[PDB]
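Protein chains in written order, with full-length UniProt numbering: chain A, 2 to 511; chain B, 2 to 511.
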Ligand SMILES: Nc1ncnc2c1ncn2[C@@H]1O[C@H](COP(=O)(O)OP(=O)(O)O)[C@@H](O)[C@H]1O
Ligand SMILES: Nc1ncnc2c1ncn2[C@@H]1O[C@H](COP(=O)(O)OP(=O)(O)O)[C@@H](O)[C@H]1O
Ligand SMILES: [Ca+2]
Ligand SMILES: [Ca+2]
Ligand SMILES: [Ca+2]
Ligand SMILES: [Ca+2]
Ligand SMILES: [Ca+2]
Ligand SMILES: [Ca+2]
Ligand SMILES: [Mg+2]
Ligand SMILES: [Mg+2]
Ligand SMILES: [Mg+2]
Ligand SMILES: [Mg+2]
Ligand code: NA
Ligand code: NA
Ligand code: NA
Ligand code: NA
Ligand code: NA
Ligand code: NA
Ligand code: NA
Ligand code: NA
Ligand code: NA
Ligand code: NA
Ligand code: NA
Ligand code: NA
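Written out as structure tokens, the structure is:
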């Protein structure tokens, strides 16, 4: 179908003969410069290549406001997610309309020149409530208040080049490129599948049903920009994707990576995804259970209904101009050894089985087996590879402040003890001396699979610098992970407590 | 580099706005029509897409002649293999210069409109001797005299569409497309690897050395048009290729199928391959041992020297305008467990190992093991899949004419006997009654893995219709595959002879 708004806004193509000129300007000693943030680099690349058509810059207050209260651009164009350039008060204060800002990447690569139309200070609470449903634990809300700048700069863009990427070089097809791909193959019907997690049996089956129902070819269009904190990294996923694509019949599917920065905005996000996929050349778009939803909040309540997205997309049906292929919870049927939409089976006279993400995360962490029927073995292998079981995980033991025994001697004792176990883990007594340049390495080591013995705590002001994962506190404090009986407890006693704790948590296996 | 001649002759692009017009003409009740042969469909697709640049139609006598005696087109452009439209006397007699012929595919799809320049009757002997070196067993020479028409029709072409293909739809990149592929990835150095056989360890290693030596990305450009009779089918090969490509480091290689019709013209063919690859956008081209050679003739003598191609290519070096990466026999080194060019090892103080094609063909036919070091297991699996060991092969037993026992009873006896063995083969008493519509099916069954019991021989005039593979003759004749003692030999005796014969040839395994 035609790109949203009718015109593919490929600004790279549009501004081709301005490149050298824009480049010079971007590099002049007088232009205002802003180094794009990660999500901003994700958004600007979708703007510059026509993925966010009709958009051609970041939303101004008028357009932004309409999107928030209307799910539409000022002119009425259906648009649910606000795309804005958030900056800080400092930078904002140097901006005036008509001003031209050079937007860089990594403070080195000139991406584009923004021509300021306005500088406003959004009410983050309204955006939070109206666009993301207001739950503070919601990924987009947390980002909004904790990472996003407090001042938005609206304005038109002029392309210099798309953000640089050294991985998966040929796979990040642009709307124009993908459209050309489908064309060279004479694909006039393509159903797109959005995804931010690895694909298992259910997915393969559901995407194939879609291809069969829609009579269209399959586009696995995974998100590699930004997703939900805690998601499997995109590299591990691209591998999972390239592997699973070999399970489809020869010539039915195409893989293309989408550098989109998700918002986990359930239903609004689905409407947005459909618009994006249409721009990219898809004729059909899959919207399954809890599309783009972030699950439940700590209280166990749903951020979005399991089918809110489907319903919203359905209400915008005649406007989207792209066909939606809805799916009900696709589950496993033991007795018939096959998958199928829950709405097609009698959950009364037929038994179903389902390994949830939580459940999977768990197996991977304990080294537990994952059913042959759940996912393909190569997929699981790749997952295990980058999400190793506890006996392969790294960790850190911190000698609490309450500790009264010799920290040096307790450290050595723990070191020598861990060493005798053997098995491949690297151990080290890591003194940070409160230097953040060191504190910031604690997780690099844990991430490398190493066991670190830390002689003492770090200032509370520096706590943010350290990634809490697999970091355990040894102390008499009630809030210690490994609680000591008393600050003067004999070393050997402490060592056994720590060993058994780590063994109880899968780090050690004898 | 620039395409040969300087201009990419993508006639599909050139004649885009003529398509509807050419189409109408091609489909008029008055235009002369010729349905392209297989190799002709191979050649015309390389002409229409700029692969044979500078060519823009089939060679006329002037150009043809110069290519034969000069390895150059009339204007001097380096060109070693003659590309002509060979027709029969009947068709030829209706052609006059200025005439326009509609060239169809499968008598249904209009490919192009040829504007006749001349109609000549080539001296096949000269072409055989001068271009293919005159050995009658040479693949190109046999085709020349046994398949090629005796009259060549030279003339310019006007594109309607490239030949239709329903398999590997997106993989058959055109020069322009490939060039666009390399570009979108910013590949300014690409070394192309030609191939018509499956790729094993040696190949992967040799193409990687090339990539490293040349400082260029890898293009696996296999031939899927026409190769040498007896080669592994291209489908099996594409699978082998798609699998082996996964053994290269991420992002270093690209796979694109070339619908070229090989000539197995050793050195001349190599020069031609380099020109073709240059047109397709390559900056480097690999030329290894016996490039494009058909091996030895039945007498055991070489059609070309193991490095004739390398030497010819080298002599045209400053003309080819594409860098050649020559390789000496790449062999295996047991003790160092690695491959390397023979010219880099001391064949005196180091042992080498090599499983030749013949040797491989043999293992595959006996179900023999293929060294882990020779090829990758997935590749070998795919090969075995379409080149099954004897116990899975089909065959046919023919009751010779000399036979004097009851043909009906001997047939049944052989049928019931084979049946008791079990094992999965399908058996049938196949009566052909000399009807070619039936004789032509004999190989389809053998190909399907079935065992056919044929009650009697077929007329000699019909012999050509039958594929001699796995077709054994039971007769008293000295020239019988399973020789009987006498035409009246008792059935049970004959049955044992046949059983033991088939068991001795791997068809039966107990
Ligand atoms: N078991 C399932 N039943 C129905 N739909 C599913 C199922 N699993 C995944 N989907 C759908 O597949 C798509 C991508 O899945 P996933 O990556 O987990 O979520 P997200 O929408 O956040 O990308 C979504 O449309 C989702 O609703
Ligand atoms: N062992 C080897 N050492 C060096 N080059 C090789 C070796 N095997 C194959 N090659 C080269 O690989 C390319 C393709 O191989 P193949 O398909 O067998 O022959 P062809 O040249 O007929 O396409 C050729 O350039 C050939 O010379
Ligand atoms: Ca704030
Ligand atoms: Ca629920
Ligand atoms: Ca005490
Ligand atoms: Ca003849
Ligand atoms: Ca030889
Ligand atoms: Ca007798
Ligand atoms: Mg980028
Ligand atoms: Mg989900
Ligand atoms: Mg074709
Ligand atoms: Mg060879
Ligand atoms: Na439309
Ligand atoms: Na810098
Ligand atoms: Na709801
Ligand atoms: Na519409
Ligand atoms: Na429809
Ligand atoms: Na426990
Ligand atoms: Na040149
Ligand atoms: Na016909
Ligand atoms: Na002669
Ligand atoms: Na060079
Ligand atoms: Na020679
Ligand atoms: Na024998």
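We put the CB at the ideal spot given by N, CA and C, even for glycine.
Would you mind telling me which residues of chain B sit closer than 7 Å to residue i, beta carbon to beta carbon, in chain order?
i              : result
residue 170(A) : 186, 252
How many whole angstroms separate the CB atoms of residue i and residue j, which I take to be in contact at a CB cut-off of 8 Å?
i              : j              : result
residue 158(B) : residue 49(B)  : 7 Å
residue 111(A) : residue 105(A) : 6 Å
residue 74(B)  : residue 67(B)  : 6 Å
residue 179(A) : residue 54(A)  : Incorrect: roughly 13 Å between the Cβ atoms, too far for contact.
residue 215(A) : residue 326(A) : 6 Å
residue 275(A) : residue 286(A) : 5 Å
residue 466(B) : residue 437(B) : 5 Å
residue 132(B) : residue 69(B)  : 6 Å
residue 137(B) : residue 295(B) : At roughly 12 Å, the Cβ-Cβ gap does not stay under 8 Å, so residue 137(B) and residue 295(B) are not in contact.
For residue i, return the contacting residues in chain A, with the cut-off set at a CB-CB distance below 8 Å.
i              : result
residue 178(B) : 185
Please specify which runs of the beta strand (DSSP E), each continuous and at least 3 residues long, are wholly inside the stretch 452 to 482 of chain B, giving them in chain order. 452 to 455, 472 to 476
Any residue with its C-beta under 5 Å from a non-hydrogen atom of ligand 9 counts. Can you list them all in chain order? 164(A), 166(A)
Would you mind listing the beta strand (DSSP E) stretches within the stretch 10 to 54 of chain A that are 3+ residues and don't spill past its ends, in chain order? 33 to 36
Beta-carbon distances below 7 Å to any heavy atom of ligand 7 define the shell here; list its residues in chain order, please. 297(B), 303(B), 307(B)
Extract the residue ranges of the alpha helix (DSSP H) inside the stretch 383 to 443 of chain B, only unbroken runs of 4 or more that lie entirely within it. 408 to 422, 437 to 440
Near ligand 5, which residues have their beta-carbon less than 6 Å from any of its heavy atoms, given in chain order? 487(A), 489(A)
Pocket of ligand 19 defined by Cβ to heavy atom distance under 7 Å: 2(B), 3(B), 322(B)
Ignoring anything shorter than 4 residues, give me the alpha helix (DSSP H) runs that lie fully in the stretch 74 to 141 of chain A, in order along the chain. 90 to 93, 125 to 133
If you scan the stretch 174 to 210 of chain B from start to end, which runs of the alpha helix (DSSP H) of 4 or more residues do you find wholly inside it? 176 to 185
Where in the stretch 240 to 267 of chain A do unbroken runs of the beta strand (DSSP E), each at least 3 residues long, occur, reported from the N-terminal end onward? 254 to 256
Report the start-end ranges of each beta strand (DSSP E) in the stretch 290 to 340 of chain B that is 3 residues or longer and not cut off at the edges. 324 to 327, 331 to 334
Around ligand 22, which residues pass a check of Cβ closer than 7 Å to any of its heavy atoms? 215(B), 324(B)
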